[PDB]
């Protein structure tokens with residue numbers, strides 16, 4: 010059935026979302042709700058979901074994507090219907114025109130600006146990113162793109178979400195993120211911050227060497243620890259007790275090794291929805307920095323493009339408050355014949371411009387491989 | 009007077025300017041936007057969203073906006089970030114290219130097809146309409162267009178609604196004479212208009228036309244049909260209705276209209292103005308009998324989409340009160356282009372040429388405001 014759901018994905022589906030706990034296909038937009046203030050959005054969403062129940066939807070969910078920038082308007086959709094199966098089980102089965118935005122040198126310049134700002138003590142952490150515009154000579158087949166991603170993403174979250182357009187052709191957010199922002203199942207809360215990276219190698223000896231190096235890198239370990247501390251501080255008020263592992267683990271996608279910690283807690287209040295928790299966490303320092311509003315102003319000033327939905331959050335939440343929200347990375351906006359791909363790299367005082375550029379390239383591979391351009 | 013200041017403060021970004029005989033509203037921003045697929049279950053969602061807006065802040069928040077002619081489309085309204093509401097208003110060179118879409122023949126072709134289908138007993142009443150694209154040499158000053166409409170519309174409903182964009188700002192602007200429905204406590208009022216004649220600058224001829232409309236059997240009969248449909252829609256919601264025996268005549272600067280004020284007293288305090296509007300929308304005055312059949316004929320014959328024209332627009336509050344108007348004598352304005360609209364009810368005994376003239380007379384409200392009267 011799960012593979013049926015992947016086969017049934019159309020550009021009028023509102024969400025495909027393949028996680029390790031399930032696969033969801035949501036069709037249509039029965040209700041869309043937009044709101045000016047992220048902080049008061051969870052209560053509006055619950056009111057909309059209650060209405061949906063009482064108007065005769067037996068399992069109302071919201072699905073969609075929220076932007077990187079918390080100050081922007083937010084929006085989610087209650088679909089007409091949704092199907093929910095077990096997780097996906099799969100055996101692997111033109112001119113393109115590239116325009117980097119910005120070019121490699123302007124990106125590196127921006128990286129020097131971030132370093133400087135930290136060396137003056139204005140910021141502790143900064144993640145700087147860049148994008149890549151791809152024009153195809155044919156119309157991109159979203160459903161095939163989605164399948165390529167799913168087949169090559171055993172452990173993360175494969176997704177497609179319909180996004181706000183003008184009435186232009188449909189705009190879809192598509193990708194394969196390794197990173198859970200938060201989930202809620204019953205009263206159990208889990209968040210999985212990822213911070214620290216090395217690219218995979220096809221040489222199995224080198225591949226393992228890089229996992230070991232990441233796992234013993236003082237700069238990466240310390241920086242990971244700081245991201246974990248911030249996730250734990252944001253979840254602590256909502257929970258009885260928090261379990262925060264003393265040691266990170268190494269996880270992988272096909273393209274990258276990542277340091278990873280699963281932070282787990284039991285809620286105090288059964289009405290605290292997964293959405294509320296996602297909003298309490300968003301954006302984590304892994305995609306933004308510390309202090310967030312300062313890292314964000316630095317980010318907004320240095321980056322010559324709008325991240326829009328990249329490094330935002332996306333997922334679903336139900337009437338009981340259960341849900342899953344992922345950090346939106348290893349992804350692309352797809353519209354007709356064009357895509358915008360995105361990638362970013364954590365920057366610190368010690369950082370080196372070329373290495374950071376190299377890291378963004380290694381991170382682009384998830385999407386480029388799905389397009390046959392790796 | 010605050011009312012006039014609200015008209016002066018109107019901006020292209022404002023979600024709603026709405027000047028009615030009971031109040032003037034200027035609504036800014038978008039605290040919450042709600043969009044829904046099924047018009048029939050929209051009222052309850054809208055109340056859910058208004059309740060939430062209260063729980064977050066002000067005691068009796070409102071929704072504002074415009075819904076389309078075609079009831080099967082997605083519908084959308086906005087709870088504004090803030091609104092000022094005052095008493096009713098008490099108010100005291111660019112070149113233009115014009116293009117009829119369709120042209121005057123294609124439109125009369127359409128009306129013939131319409132007469133044809135009523136004579137075969139498929140339809141009883143059909144409204145057919147056309148539009149008039151306009152290109153300006155400059156950017157249209159929307160605020161000034163709004164003031165012109167308001168000044169020349171003492172008795173109607175003058176509005177500017179920010180519409181879902183194409184990229187450049189899109190505004191629905193107009194001065195409608197027709198209340199679809201209001202609610203005030205348990206009191207409901209609808210004012211169907213059906214039957215018209217253009218005003219004349221010769222006051223003897225002006226009065227003659229009024230008197231002729233008021234006693235035309237064809238027009239009285241068609242008016243009584245519209246009145247029956249209003250009553251029909253309202254009956255299930257009211258313990259009592261007052262339906263006047265006969266219509267009066269009312270005027271805008273452009274037109275005489277046959278008018279009936281239908282009043283009711285609701286059974287249920289929780290019935291919102293928006294819910295009544297939906298029960299009424301669209302009336303046979305702009306669509307036809309049967310509605311589903313005549314709308315099919317309308318979609319099939321008309322070479323443009325009406326979109327918001329002959330839709331409904333207005334406001335509703337958390338208590339349930341509100342005012343919704345029939346969106347006529349209006350235009351979509353974008354940058355330096357307007358699309359003006361006008362329509363004319365068609366029956367078996369209709370004459371194609373008289374409907375073309377009737378529609379051109381209906382265009383005068385908007386044309387006059389542009390200085391093209």
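Protein chains in written order, with the authors' numbering: chain B, 10 to 102, 111 to 184, 186 to 392; chain A, 9 to 100, 110 to 184, 187 to 392. Using N, Cα and C, we set each Cβ at its ideal position, and we do this for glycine too.
Check	Outcome
Please confirm whether residue 15 of chain A and residue 180 of chain A have their CB atoms less than 8 Å apart.	no
Distance, Cα to Cα, residue 338 of chain A vs residue 85 of chain B?	27 Å
When you compare only the Cα positions, how much space is there between residue 277 of chain B and residue 33 of chain B?	28 Å
List the residues of chain B that residue 57 of chain A touches, going by C-beta distances under 8 Å, in chain order.	42, 53, 56 and 57
Starting from the beta carbon of residue 105 of chain A, find every residue of chain B whose beta carbon is closer than 7 Å, and list them in chain order.	In the structure shown, chain A runs from 100 directly to 110, leaving residue 105 of chain A without coordinates.
Measure the alpha-carbon distance for residue 244 of chain B versus residue 315 of chain B and round it to whole angstroms.	20 Å
Got a sec: is the Cβ-Cβ distance from residue 181 of chain A to anything in chain B below 8 Å?	yes
Under a three-way DSSP split, which group does residue 92 of chain A fall into?	strand
If residue 147 of chain B and residue 174 of chain B are in contact, beta carbons under 8 Å, what's the gap, nearest whole angstrom?	Incorrect: roughly 23 Å between the Cβ atoms, too far for contact.
With 9 Å as the limit, tell me which residues of the stretch 25-39 of chain B have their beta carbon closer than that to any beta carbon of chain A; keep them in chain order.	37, 38 and 39
Looking at chain B, is there any beta carbon in it that lies within less than 8 Å of the beta carbon of residue 230 of chain A?	no
Can you round the beta-carbon distance between residue 213 of chain B and residue 330 of chain B to whole angstroms, since I take them to be within the 8 Å contact cut?	Contact doesn't hold; Cβ gap of about 17 Å is too wide.
Assign residue 358 of chain A to buried or exposed, taking buried as 16 or more other Cβ atoms, counted over all protein chains shown, within 10 Å of its Cβ.	buried
If we call anything under 8 Å between Cβ atoms a contact, is residue 99 of chain A one with residue 168 of chain A?	yes
CB-CB under 6 Å to residue 377 of chain A, same chain, minus the five flanking residues each way: which ones, in chain order?	363
Within 8 Å (strictly less), CB to CB, does residue 184 of chain B reach chain A?	yes
Is it the case that the stretch 379-390 of chain A contacts the stretch 268-288 of chain A, given that we only count it when at least three CB pairs across the two stretches are under 8 Å?	yes
Just how far apart, CA to CA, sit residue 95 of chain A and residue 253 of chain A?	28 Å
Quick check: what's the CA-CA separation for residue 69 of chain B versus residue 49 of chain B?	20 Å
So does the stretch 150-162 of chain A actually touch the stretch 249-268 of chain A, counting three or more Cβ pairs closer than 8 Å?	no
Quick check on DSSP: helix, strand or coil for residue 294 of chain B?	helix
Would you call the CB atoms of residue 388 of chain B and residue 166 of chain B closer than 8 Å?	yes
List, from N- to C-terminal side, the alpha helix (DSSP H) runs of 4 residues or more that fit wholly inside the stretch 309-377 of chain B.	310-320
Give the interface partners of residue 89 of chain A over in chain B, defined as CB-CB distance under 8 Å, in chain order.	45
With C-beta atoms as the reference, is residue 296 of chain A less than 8 Å away from residue 200 of chain A?	yes
Is residue 18 of chain A helix, strand or coil by DSSP?	coil
Three Cβ pairs or more, each shorter than 8 Å: is that satisfied between the stretch 306-313 of chain B and the stretch 213-223 of chain B?	no
Can you list, in chain order, the stretches of the beta strand (DSSP E) that have 3 or more residues and sit fully within the stretch 191-223 of chain A?	198-203, 206-209 and 212-217
Between residue 170 of chain A and chain B, is there a C-beta pair that is closer than 8 Å?	no
Does residue 68 of chain B get closer than 8 Å to chain E when you measure Cβ to Cβ?	Absence of chain E from the displayed structure is noted, the protein chains being B and A.
In angstroms, rounded to a whole number, what distance separates the CA positions of residue 72 of chain B and residue 23 of chain B?	8 Å
Taking only beta-carbon positions, decide if residue 392 of chain B is within less than 8 Å of chain A.	no
Kindly identify the DSSP beta-bridge partner or partners of residue 178 of chain B.	B/24 and B/191
Verify whether the separation of the beta carbon atoms of residue 151 of chain A and residue 114 of chain A is less than 8 Å.	yes
Taking the Cβ atom as the reference point for each residue, do residue 327 of chain A and residue 76 of chain A lie within a distance shorter than 8 Å?	yes
Do residue 202 of chain A and residue 341 of chain A have their beta-carbon atoms positioned less than 8 Å apart in this structure?	yes
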